[PDB]
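Text of the file data_22.pdb, holding PDB, N, CA and C atoms:
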ATOM      1  N   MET A   1     -21.472 -59.778-141.413
ATOM      2  CA  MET A   1     -20.636 -58.909-140.558
ATOM      3  C   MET A   1     -19.202 -59.445-140.514
ATOM      4  N   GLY A   2     -18.227 -58.529-140.567
ATOM      5  CA  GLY A   2     -16.818 -58.880-140.648
ATOM      6  C   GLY A   2     -16.207 -58.303-141.897
ATOM      7  N   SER A   3     -15.464 -57.193-141.736
ATOM      8  CA  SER A   3     -14.744 -56.552-142.826
ATOM      9  C   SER A   3     -13.734 -57.536-143.440
ATOM     10  N   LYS A   4     -13.963 -57.865-144.702
ATOM     11  CA  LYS A   4     -13.100 -58.727-145.512
ATOM     12  C   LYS A   4     -13.115 -58.183-146.937
ATOM     13  N   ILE A   5     -12.040 -58.424-147.679
ATOM     14  CA  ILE A   5     -11.983 -58.163-149.117
ATOM     15  C   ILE A   5     -11.447 -59.406-149.818
ATOM     16  N   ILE A   6     -11.909 -59.621-151.038
ATOM     17  CA  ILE A   6     -11.426 -60.694-151.891
ATOM     18  C   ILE A   6     -10.681 -60.050-153.054
ATOM     19  N   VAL A   7      -9.582 -60.666-153.467
ATOM     20  CA  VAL A   7      -8.813 -60.247-154.630
ATOM     21  C   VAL A   7      -8.893 -61.369-155.661
ATOM     22  N   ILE A   8      -9.543 -61.075-156.793
ATOM     23  CA  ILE A   8      -9.787 -62.041-157.856
ATOM     24  C   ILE A   8      -8.907 -61.680-159.050
ATOM     25  N   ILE A   9      -8.148 -62.662-159.489
ATOM     26  CA  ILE A   9      -7.132 -62.527-160.514
ATOM     27  C   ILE A   9      -7.740 -63.058-161.818
ATOM     28  N   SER A  10      -8.133 -62.132-162.703
ATOM     29  CA  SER A  10      -8.756 -62.473-163.983
ATOM     30  C   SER A  10      -7.683 -63.042-164.916
ATOM     31  N   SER A  11      -7.984 -64.183-165.531
ATOM     32  CA  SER A  11      -7.019 -64.970-166.295
ATOM     33  C   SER A  11      -7.704 -65.477-167.583
ATOM     34  N   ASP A  12      -7.784 -64.553-168.579
ATOM     35  CA  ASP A  12      -8.397 -64.760-169.919
ATOM     36  C   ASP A  12      -9.943 -64.733-169.866
ATOM     37  N   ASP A  13     -10.537 -65.677-169.134
ATOM     38  CA  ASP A  13     -12.005 -65.877-169.087
ATOM     39  C   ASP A  13     -12.678 -64.885-168.102
ATOM     40  N   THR A  14     -14.003 -64.660-168.271
ATOM     41  CA  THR A  14     -14.751 -63.580-167.584
ATOM     42  C   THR A  14     -15.560 -64.083-166.348
ATOM     43  N   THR A  15     -15.702 -65.422-166.184
ATOM     44  CA  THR A  15     -16.472 -66.017-165.060
ATOM     45  C   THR A  15     -15.928 -65.600-163.664
ATOM     46  N   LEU A  16     -14.631 -65.300-163.608
ATOM     47  CA  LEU A  16     -13.926 -64.980-162.353
ATOM     48  C   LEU A  16     -14.449 -63.640-161.770
ATOM     49  N   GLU A  17     -14.549 -62.632-162.650
ATOM     50  CA  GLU A  17     -14.935 -61.251-162.286
ATOM     51  C   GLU A  17     -16.466 -61.042-162.263
ATOM     52  N   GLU A  18     -17.252 -61.907-162.949
ATOM     53  CA  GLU A  18     -18.732 -61.850-162.823
ATOM     54  C   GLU A  18     -19.150 -62.423-161.449
ATOM     55  N   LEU A  19     -18.411 -63.461-160.982
ATOM     56  CA  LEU A  19     -18.598 -64.035-159.636
ATOM     57  C   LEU A  19     -18.272 -62.991-158.555
ATOM     58  N   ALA A  20     -17.287 -62.116-158.840
ATOM     59  CA  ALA A  20     -16.877 -61.011-157.947
ATOM     60  C   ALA A  20     -18.063 -60.115-157.522
ATOM     61  N   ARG A  21     -19.055 -59.963-158.426
ATOM     62  CA  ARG A  21     -20.299 -59.208-158.155
ATOM     63  C   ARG A  21     -21.136 -59.903-157.062
ATOM     64  N   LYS A  22     -21.174 -61.248-157.126
ATOM     65  CA  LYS A  22     -21.911 -62.094-156.167
ATOM     66  C   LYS A  22     -21.213 -62.082-154.787
ATOM     67  N   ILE A  23     -19.860 -62.037-154.802
ATOM     68  CA  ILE A  23     -19.032 -61.932-153.583
ATOM     69  C   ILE A  23     -19.298 -60.610-152.842
ATOM     70  N   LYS A  24     -19.152 -59.465-153.546
ATOM     71  CA  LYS A  24     -19.331 -58.142-152.915
ATOM     72  C   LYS A  24     -20.786 -57.902-152.488
ATOM     73  N   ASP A  25     -21.722 -58.616-153.142
ATOM     74  CA  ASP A  25     -23.161 -58.585-152.812
ATOM     75  C   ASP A  25     -23.411 -59.078-151.369
ATOM     76  N   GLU A  26     -22.506 -59.951-150.870
ATOM     77  CA  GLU A  26     -22.576 -60.511-149.503
ATOM     78  C   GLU A  26     -22.220 -59.455-148.417
ATOM     79  N   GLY A  27     -21.795 -58.247-148.844
ATOM     80  CA  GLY A  27     -21.569 -57.115-147.927
ATOM     81  C   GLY A  27     -20.101 -56.860-147.607
ATOM     82  N   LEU A  28     -19.215 -57.241-148.538
ATOM     83  CA  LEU A  28     -17.767 -56.933-148.477
ATOM     84  C   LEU A  28     -17.309 -56.299-149.806
ATOM     85  N   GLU A  29     -16.028 -55.885-149.893
ATOM     86  CA  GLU A  29     -15.449 -55.320-151.137
ATOM     87  C   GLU A  29     -14.634 -56.381-151.918
ATOM     88  N   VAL A  30     -14.459 -56.144-153.241
ATOM     89  CA  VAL A  30     -13.575 -56.939-154.124
ATOM     90  C   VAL A  30     -12.539 -56.009-154.801
ATOM     91  N   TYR A  31     -11.373 -56.575-155.123
ATOM     92  CA  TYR A  31     -10.328 -55.953-155.951
ATOM     93  C   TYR A  31      -9.947 -56.968-157.028
ATOM     94  N   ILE A  32      -9.864 -56.545-158.287
ATOM     95  CA  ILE A  32      -9.507 -57.448-159.397
ATOM     96  C   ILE A  32      -8.054 -57.165-159.820
ATOM     97  N   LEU A  33      -7.210 -58.207-159.908
ATOM     98  CA  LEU A  33      -5.872 -58.099-160.516
ATOM     99  C   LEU A  33      -5.921 -58.734-161.900
ATOM    100  N   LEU A  34      -5.858 -57.892-162.931
ATOM    101  CA  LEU A  34      -6.012 -58.330-164.317
ATOM    102  C   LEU A  34      -4.647 -58.818-164.854
ATOM    103  N   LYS A  35      -4.637 -60.024-165.456
ATOM    104  CA  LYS A  35      -3.504 -60.538-166.247
ATOM    105  C   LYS A  35      -4.042 -61.078-167.596
ATOM    106  N   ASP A  36      -3.501 -60.549-168.703
ATOM    107  CA  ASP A  36      -3.857 -60.959-170.082
ATOM    108  C   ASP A  36      -2.567 -61.116-170.923
ATOM    109  N   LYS A  37      -2.657 -61.830-172.066
ATOM    110  CA  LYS A  37      -1.515 -62.064-172.988
ATOM    111  C   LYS A  37      -1.051 -60.751-173.655
ATOM    112  N   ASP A  38      -2.018 -59.890-173.980
ATOM    113  CA  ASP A  38      -1.789 -58.604-174.662
ATOM    114  C   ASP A  38      -2.196 -57.453-173.727
ATOM    115  N   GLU A  39      -1.202 -56.638-173.322
ATOM    116  CA  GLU A  39      -1.366 -55.554-172.329
ATOM    117  C   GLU A  39      -2.345 -54.433-172.765
ATOM    118  N   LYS A  40      -2.687 -54.361-174.061
ATOM    119  CA  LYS A  40      -3.625 -53.346-174.593
ATOM    120  C   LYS A  40      -5.076 -53.806-174.333
ATOM    121  N   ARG A  41      -5.332 -55.094-174.626
ATOM    122  CA  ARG A  41      -6.632 -55.755-174.382
ATOM    123  C   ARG A  41      -6.845 -55.976-172.862
ATOM    124  N   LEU A  42      -5.726 -56.080-172.151
ATOM    125  CA  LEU A  42      -5.657 -56.066-170.686
ATOM    126  C   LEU A  42      -6.186 -54.729-170.130
ATOM    127  N   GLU A  43      -5.651 -53.626-170.688
ATOM    128  CA  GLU A  43      -5.918 -52.255-170.216
ATOM    129  C   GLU A  43      -7.398 -51.855-170.400
ATOM    130  N   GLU A  44      -8.015 -52.263-171.533
ATOM    131  CA  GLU A  44      -9.441 -51.973-171.792
ATOM    132  C   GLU A  44     -10.323 -52.751-170.794
ATOM    133  N   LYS A  45      -9.936 -54.025-170.507
ATOM    134  CA  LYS A  45     -10.664 -54.929-169.582
ATOM    135  C   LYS A  45     -10.775 -54.312-168.179
ATOM    136  N   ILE A  46      -9.655 -53.698-167.743
ATOM    137  CA  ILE A  46      -9.560 -52.948-166.481
ATOM    138  C   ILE A  46     -10.696 -51.901-166.415
ATOM    139  N   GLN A  47     -10.821 -51.108-167.501
ATOM    140  CA  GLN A  47     -11.806 -50.014-167.613
ATOM    141  C   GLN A  47     -13.255 -50.551-167.712
ATOM    142  N   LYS A  48     -13.426 -51.750-168.322
ATOM    143  CA  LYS A  48     -14.756 -52.388-168.491
ATOM    144  C   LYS A  48     -15.336 -52.773-167.122
ATOM    145  N   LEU A  49     -14.472 -53.374-166.289
ATOM    146  CA  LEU A  49     -14.836 -53.846-164.952
ATOM    147  C   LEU A  49     -14.956 -52.671-163.965
ATOM    148  N   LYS A  50     -14.109 -51.618-164.120
ATOM    149  CA  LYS A  50     -14.182 -50.405-163.263
ATOM    150  C   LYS A  50     -15.482 -49.624-163.542
ATOM    151  N   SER A  51     -15.955 -49.692-164.802
ATOM    152  CA  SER A  51     -17.290 -49.206-165.196
ATOM    153  C   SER A  51     -18.397 -49.975-164.434
ATOM    154  N   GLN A  52     -18.232 -51.317-164.332
ATOM    155  CA  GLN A  52     -19.168 -52.195-163.579
ATOM    156  C   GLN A  52     -19.065 -51.968-162.052
ATOM    157  N   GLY A  53     -17.916 -51.426-161.591
ATOM    158  CA  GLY A  53     -17.707 -51.084-160.172
ATOM    159  C   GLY A  53     -16.686 -51.978-159.481
ATOM    160  N   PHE A  54     -15.707 -52.472-160.250
ATOM    161  CA  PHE A  54     -14.616 -53.326-159.748
ATOM    162  C   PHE A  54     -13.302 -52.559-159.858
ATOM    163  N   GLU A  55     -12.671 -52.235-158.715
ATOM    164  CA  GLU A  55     -11.367 -51.567-158.695
ATOM    165  C   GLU A  55     -10.290 -52.552-159.172
ATOM    166  N   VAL A  56      -9.959 -52.448-160.465
ATOM    167  CA  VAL A  56      -8.985 -53.315-161.114
ATOM    168  C   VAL A  56      -7.608 -52.637-161.120
ATOM    169  N   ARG A  57      -6.576 -53.413-160.776
ATOM    170  CA  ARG A  57      -5.172 -52.988-160.774
ATOM    171  C   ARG A  57      -4.420 -53.871-161.795
ATOM    172  N   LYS A  58      -3.425 -53.286-162.471
ATOM    173  CA  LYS A  58      -2.590 -53.994-163.455
ATOM    174  C   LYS A  58      -1.335 -54.501-162.722
ATOM    175  N   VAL A  59      -1.075 -55.812-162.814
ATOM    176  CA  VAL A  59       0.087 -56.468-162.171
ATOM    177  C   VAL A  59       0.957 -57.151-163.246
ATOM    178  N   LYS A  60       2.090 -57.743-162.825
ATOM    179  CA  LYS A  60       2.934 -58.574-163.709
ATOM    180  C   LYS A  60       2.367 -60.008-163.748
ATOM    181  N   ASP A  61       2.653 -60.793-162.692
ATOM    182  CA  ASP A  61       2.168 -62.184-162.553
ATOM    183  C   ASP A  61       2.070 -62.525-161.047
ATOM    184  N   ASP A  62       1.978 -63.826-160.688
ATOM    185  CA  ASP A  62       1.549 -64.276-159.337
ATOM    186  C   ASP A  62       2.562 -63.906-158.231
ATOM    187  N   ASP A  63       3.837 -63.757-158.633
ATOM    188  CA  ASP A  63       4.918 -63.230-157.762
ATOM    189  C   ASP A  63       4.540 -61.839-157.207
ATOM    190  N   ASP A  64       4.151 -60.945-158.131
ATOM    191  CA  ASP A  64       3.805 -59.541-157.825
ATOM    192  C   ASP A  64       2.409 -59.439-157.195
ATOM    193  N   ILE A  65       1.534 -60.393-157.551
ATOM    194  CA  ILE A  65       0.195 -60.550-156.946
ATOM    195  C   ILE A  65       0.324 -60.859-155.433
ATOM    196  N   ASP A  66       1.215 -61.803-155.089
ATOM    197  CA  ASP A  66       1.499 -62.192-153.686
ATOM    198  C   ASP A  66       2.007 -60.994-152.850
ATOM    199  N   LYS A  67       2.894 -60.194-153.465
ATOM    200  CA  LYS A  67       3.456 -58.977-152.842
ATOM    201  C   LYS A  67       2.379 -57.879-152.722
ATOM    202  N   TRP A  68       1.473 -57.836-153.723
ATOM    203  CA  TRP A  68       0.395 -56.833-153.814
ATOM    204  C   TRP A  68      -0.595 -57.025-152.664
ATOM    205  N   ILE A  69      -0.947 -58.294-152.401
ATOM    206  CA  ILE A  69      -1.858 -58.669-151.308
ATOM    207  C   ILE A  69      -1.201 -58.352-149.943
ATOM    208  N   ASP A  70       0.102 -58.697-149.804
ATOM    209  CA  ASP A  70       0.902 -58.437-148.573
ATOM    210  C   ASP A  70       0.895 -56.933-148.208
ATOM    211  N   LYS A  71       0.933 -56.108-149.259
ATOM    212  CA  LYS A  71       0.864 -54.652-149.179
ATOM    213  C   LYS A  71      -0.505 -54.187-148.635
ATOM    214  N   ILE A  72      -1.594 -54.762-149.182
ATOM    215  CA  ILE A  72      -2.980 -54.389-148.817
ATOM    216  C   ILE A  72      -3.289 -54.761-147.344
ATOM    217  N   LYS A  73      -2.726 -55.900-146.889
ATOM    218  CA  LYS A  73      -2.841 -56.377-145.491
ATOM    219  C   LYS A  73      -2.162 -55.397-144.514
ATOM    220  N   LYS A  74      -1.052 -54.808-144.980
ATOM    221  CA  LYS A  74      -0.189 -53.931-144.173
ATOM    222  C   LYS A  74      -0.831 -52.531-144.028
ATOM    223  N   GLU A  75      -1.512 -52.089-145.101
ATOM    224  CA  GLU A  75      -2.306 -50.841-145.110
ATOM    225  C   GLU A  75      -3.588 -51.012-144.281
ATOM    226  N   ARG A  76      -4.219 -52.188-144.447
ATOM    227  CA  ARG A  76      -5.561 -52.491-143.921
ATOM    228  C   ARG A  76      -5.490 -53.770-143.054
ATOM    229  N   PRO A  77      -5.102 -53.648-141.740
ATOM    230  CA  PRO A  77      -5.012 -54.797-140.812
ATOM    231  C   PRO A  77      -6.361 -55.101-140.114
ATOM    232  N   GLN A  78      -7.471 -54.772-140.799
ATOM    233  CA  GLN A  78      -8.848 -54.937-140.286
ATOM    234  C   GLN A  78      -9.561 -56.120-140.966
ATOM    235  N   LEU A  79      -8.998 -56.585-142.092
ATOM    236  CA  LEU A  79      -9.697 -57.458-143.046
ATOM    237  C   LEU A  79      -8.793 -58.587-143.577
ATOM    238  N   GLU A  80      -9.434 -59.690-144.021
ATOM    239  CA  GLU A  80      -8.770 -60.731-144.815
ATOM    240  C   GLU A  80      -8.562 -60.201-146.242
ATOM    241  N   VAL A  81      -7.386 -60.463-146.821
ATOM    242  CA  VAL A  81      -7.107 -60.198-148.240
ATOM    243  C   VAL A  81      -6.835 -61.559-148.906
ATOM    244  N   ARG A  82      -7.834 -62.065-149.645
ATOM    245  CA  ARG A  82      -7.852 -63.449-150.164
ATOM    246  C   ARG A  82      -7.368 -63.460-151.627
ATOM    247  N   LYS A  83      -6.529 -64.443-152.004
ATOM    248  CA  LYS A  83      -6.049 -64.600-153.395
ATOM    249  C   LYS A  83      -6.879 -65.651-154.130
ATOM    250  N   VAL A  84      -7.437 -65.241-155.273
ATOM    251  CA  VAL A  84      -8.228 -66.098-156.176
ATOM    252  C   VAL A  84      -7.607 -66.065-157.579
ATOM    253  N   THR A  85      -6.698 -66.995-157.867
ATOM    254  CA  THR A  85      -5.996 -67.046-159.166
ATOM    255  C   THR A  85      -6.780 -67.883-160.196
ATOM    256  N   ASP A  86      -7.567 -68.846-159.690
ATOM    257  CA  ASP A  86      -8.383 -69.762-160.517
ATOM    258  C   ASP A  86      -9.884 -69.507-160.286
ATOM    259  N   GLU A  87     -10.699 -69.864-161.300
ATOM    260  CA  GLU A  87     -12.176 -69.797-161.253
ATOM    261  C   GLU A  87     -12.748 -70.701-160.139
ATOM    262  N   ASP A  88     -12.073 -71.846-159.904
ATOM    263  CA  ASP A  88     -12.392 -72.783-158.803
ATOM    264  C   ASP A  88     -12.444 -72.056-157.452
ATOM    265  N   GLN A  89     -11.481 -71.150-157.275
ATOM    266  CA  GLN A  89     -11.312 -70.361-156.051
ATOM    267  C   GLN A  89     -12.389 -69.266-155.959
ATOM    268  N   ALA A  90     -12.842 -68.778-157.134
ATOM    269  CA  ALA A  90     -13.951 -67.805-157.244
ATOM    270  C   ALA A  90     -15.306 -68.443-156.854
ATOM    271  N   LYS A  91     -15.409 -69.767-157.037
ATOM    272  CA  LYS A  91     -16.555 -70.572-156.558
ATOM    273  C   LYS A  91     -16.376 -71.042-155.093
ATOM    274  N   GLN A  92     -15.119 -71.102-154.615
ATOM    275  CA  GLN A  92     -14.804 -71.478-153.216
ATOM    276  C   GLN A  92     -15.219 -70.337-152.259
ATOM    277  N   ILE A  93     -14.831 -69.093-152.619
ATOM    278  CA  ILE A  93     -15.183 -67.873-151.848
ATOM    279  C   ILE A  93     -16.709 -67.650-151.748
ATOM    280  N   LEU A  94     -17.484 -68.134-152.745
ATOM    281  CA  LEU A  94     -18.963 -68.182-152.655
ATOM    282  C   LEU A  94     -19.403 -68.907-151.355
ATOM    283  N   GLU A  95     -18.814 -70.091-151.109
ATOM    284  CA  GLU A  95     -19.087 -70.907-149.904
ATOM    285  C   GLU A  95     -18.419 -70.313-148.641
ATOM    286  N   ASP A  96     -17.321 -69.579-148.859
ATOM    287  CA  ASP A  96     -16.485 -68.986-147.786
ATOM    288  C   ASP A  96     -17.281 -67.927-147.007
ATOM    289  N   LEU A  97     -18.019 -67.125-147.782
ATOM    290  CA  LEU A  97     -18.803 -65.994-147.281
ATOM    291  C   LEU A  97     -20.133 -66.453-146.671
ATOM    292  N   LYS A  98     -20.670 -67.611-147.132
ATOM    293  CA  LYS A  98     -21.888 -68.222-146.539
ATOM    294  C   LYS A  98     -21.545 -68.827-145.159
ATOM    295  N   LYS A  99     -20.313 -69.368-145.060
ATOM    296  CA  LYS A  99     -19.720 -69.842-143.788
ATOM    297  C   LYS A  99     -19.266 -68.653-142.918
ATOM    298  N   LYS A 100     -19.138 -67.461-143.561
ATOM    299  CA  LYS A 100     -18.863 -66.163-142.894
ATOM    300  C   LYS A 100     -17.480 -66.146-142.203
ATOM    301  N   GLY A 101     -16.577 -67.011-142.694
ATOM    302  CA  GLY A 101     -15.242 -67.177-142.132
ATOM    303  C   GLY A 101     -14.308 -67.806-143.149
ATOM    304  N   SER A 102     -13.976 -69.098-142.966
ATOM    305  CA  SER A 102     -13.108 -69.851-143.899
ATOM    306  C   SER A 102     -13.461 -71.346-143.926
ATOM    307  N   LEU A 103     -12.865 -72.069-144.893
ATOM    308  CA  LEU A 103     -13.024 -73.526-145.043
ATOM    309  C   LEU A 103     -11.897 -74.268-144.296
ATOM    310  N   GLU A 104     -10.624 -74.045-144.699
ATOM    311  CA  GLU A 104      -9.484 -74.845-144.179
ATOM    312  C   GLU A 104      -8.136 -74.080-144.151
ATOM    313  N   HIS A 105      -7.883 -73.213-145.149
ATOM    314  CA  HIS A 105      -6.541 -72.618-145.358
ATOM    315  C   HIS A 105      -6.657 -71.280-146.128
ATOM    316  N   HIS A 106      -5.891 -70.247-145.702
ATOM    317  CA  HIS A 106      -5.863 -68.903-146.359
ATOM    318  C   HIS A 106      -4.776 -68.843-147.464
ATOM    319  N   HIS A 107      -4.799 -69.846-148.352
ATOM    320  CA  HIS A 107      -3.858 -69.990-149.487
ATOM    321  C   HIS A 107      -4.366 -71.137-150.389
ATOM    322  N   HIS A 108      -3.781 -71.319-151.597
ATOM    323  CA  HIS A 108      -4.238 -72.346-152.570
ATOM    324  C   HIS A 108      -3.051 -73.084-153.216
ATOM    325  N   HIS A 109      -3.277 -74.370-153.555
ATOM    326  CA  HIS A 109      -2.379 -75.198-154.400
ATOM    327  C   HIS A 109      -3.246 -76.176-155.221
ATOM    328  N   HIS A 110      -2.805 -76.482-156.452
ATOM    329  CA  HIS A 110      -3.448 -77.488-157.337
ATOM    330  C   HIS A 110      -2.443 -77.918-158.436
TER
END

Would you kindly transcribe this structure into structure tokens?
Amino acid sequence: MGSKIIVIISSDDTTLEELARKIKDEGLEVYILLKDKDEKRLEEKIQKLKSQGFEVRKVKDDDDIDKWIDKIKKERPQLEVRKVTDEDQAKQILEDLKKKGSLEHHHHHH
């Protein structure tokens, strides 16, 4: 219980967005922000995950990702909008949802 959404930023590898299925399984929604080297292979990936049931949006980079999340918070002041740029963070949110709240901080550095 507790309306929350996670935003997972896919970065070449697929482990980030497969974990997204396990996150939304806990009874919340996910949004994927796709970033790839080639915007054509990027665009197909968006459609692959939207077929699986992941609302994927095309962004520039982490600057625009930060603004994108700020936008979603302003539309939807009912829920947490979490940034997951690394796979480590996709495994952190696994524990986040079992705790049904948070660990320490609503942001990341490494």

Inset, instruction - Convert the output of the PyMOL selection byres ((chain A and resi 18-21) around 8) on the shown file into explicit residues, formatted as a PyMOL selection string. - result: chain A and resi 6+8+13-17+22-26+29-31+54+90-91+94

Inset, instruction - Could you give me, as a ChimeraX atom specification, the residues within 6.5 Å of residue 85 (chain A), counting all atoms listed in the file and dropping anything in the same chain fewer than 2 positions from it? - result: /A:7-10,83,87,89-90

Just the selected residues (N, CA and C atoms), exported as an mmCIF file, keeping the file's coordinate frame, please.
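Final file, part.cif:
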data_model
loop_
_atom_site.group_PDB
_atom_site.id
_atom_site.type_symbol
_atom_site.label_atom_id
_atom_site.label_comp_id
_atom_site.auth_asym_id
_atom_site.auth_seq_id
_atom_site.Cartn_x
_atom_site.Cartn_y
_atom_site.Cartn_z
ATOM 1 N N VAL A 7 -9.582 -60.666 -153.467
ATOM 2 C CA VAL A 7 -8.813 -60.247 -154.630
ATOM 3 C C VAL A 7 -8.893 -61.369 -155.661
ATOM 4 N N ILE A 8 -9.543 -61.075 -156.793
ATOM 5 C CA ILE A 8 -9.787 -62.041 -157.856
ATOM 6 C C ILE A 8 -8.907 -61.680 -159.050
ATOM 7 N N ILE A 9 -8.148 -62.662 -159.489
ATOM 8 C CA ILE A 9 -7.132 -62.527 -160.514
ATOM 9 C C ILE A 9 -7.740 -63.058 -161.818
ATOM 10 N N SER A 10 -8.133 -62.132 -162.703
ATOM 11 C CA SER A 10 -8.756 -62.473 -163.983
ATOM 12 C C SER A 10 -7.683 -63.042 -164.916
ATOM 13 N N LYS A 83 -6.529 -64.443 -152.004
ATOM 14 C CA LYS A 83 -6.049 -64.600 -153.395
ATOM 15 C C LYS A 83 -6.879 -65.651 -154.130
ATOM 16 N N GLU A 87 -10.699 -69.864 -161.300
ATOM 17 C CA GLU A 87 -12.176 -69.797 -161.253
ATOM 18 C C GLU A 87 -12.748 -70.701 -160.139
ATOM 19 N N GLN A 89 -11.481 -71.150 -157.275
ATOM 20 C CA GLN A 89 -11.312 -70.361 -156.051
ATOM 21 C C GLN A 89 -12.389 -69.266 -155.959
ATOM 22 N N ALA A 90 -12.842 -68.778 -157.134
ATOM 23 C CA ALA A 90 -13.951 -67.805 -157.244
ATOM 24 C C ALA A 90 -15.306 -68.443 -156.854
#

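Between atom C of residue 79 (chain A) and atom C of residue 99 (chain A) there is a distance of 14.5 Å.
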
Inset, instruction - List every residue of chain A that DSSP, applied to the backbone of this structure, assigns to strand (DSSP E), and report them as a ChimeraX atom specification. - result: /A:5-11,29-35,55-58,81-84

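Atom pair CA of residue 110 (chain A) / CA of residue 42 (chain A) has a distance of 25.3 Å (rounded to one decimal).
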
Inset, instruction - Would you return as a ChimeraX atom specification the members of chain A that DSSP assigns to alpha helix (DSSP H) on this structure's backbone? - result: /A:15-24,39-52,62-75,87-98

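Restricting the calculation to only C-alpha atoms, the smallest distance between residue 97 (chain A) and any of A:53, A:109, A:82, A:44 is found for A:82.
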
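Listed by chain and then by number, the residues chosen by the PyMOL selection byres ((chain A and resi 3) around 5) in this file are residues 1, 2, 4, 5, 79 and 80 of chain A.
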
Mind writing the picked residues with N, CA and C atoms as a PDB file, in the coordinates of the input?
ATOM      1  N   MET A   1     -21.472 -59.778-141.413  1.00  0.00           N
ATOM      2  CA  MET A   1     -20.636 -58.909-140.558  1.00  0.00           C
ATOM      3  C   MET A   1     -19.202 -59.445-140.514  1.00  0.00           C
ATOM      4  N   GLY A   2     -18.227 -58.529-140.567  1.00  0.00           N
ATOM      5  CA  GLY A   2     -16.818 -58.880-140.648  1.00  0.00           C
ATOM      6  C   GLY A   2     -16.207 -58.303-141.897  1.00  0.00           C
ATOM      7  N   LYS A   4     -13.963 -57.865-144.702  1.00  0.00           N
ATOM      8  CA  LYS A   4     -13.100 -58.727-145.512  1.00  0.00           C
ATOM      9  C   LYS A   4     -13.115 -58.183-146.937  1.00  0.00           C
ATOM     10  N   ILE A   5     -12.040 -58.424-147.679  1.00  0.00           N
ATOM     11  CA  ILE A   5     -11.983 -58.163-149.117  1.00  0.00           C
ATOM     12  C   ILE A   5     -11.447 -59.406-149.818  1.00  0.00           C
ATOM     13  N   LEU A  79      -8.998 -56.585-142.092  1.00  0.00           N
ATOM     14  CA  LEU A  79      -9.697 -57.458-143.046  1.00  0.00           C
ATOM     15  C   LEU A  79      -8.793 -58.587-143.577  1.00  0.00           C
ATOM     16  N   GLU A  80      -9.434 -59.690-144.021  1.00  0.00           N
ATOM     17  CA  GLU A  80      -8.770 -60.731-144.815  1.00  0.00           C
ATOM     18  C   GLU A  80      -8.562 -60.201-146.242  1.00  0.00           C
TER      19      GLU A  80
END

Legend entry - Explicit residues for the PyMOL selection byres (((chain A and resi 59-64 and name CA) around 7) and name CA) (as JSON, numbers by chain): {"A": [33, 34, 35, 57, 58, 65, 66, 67, 68]}
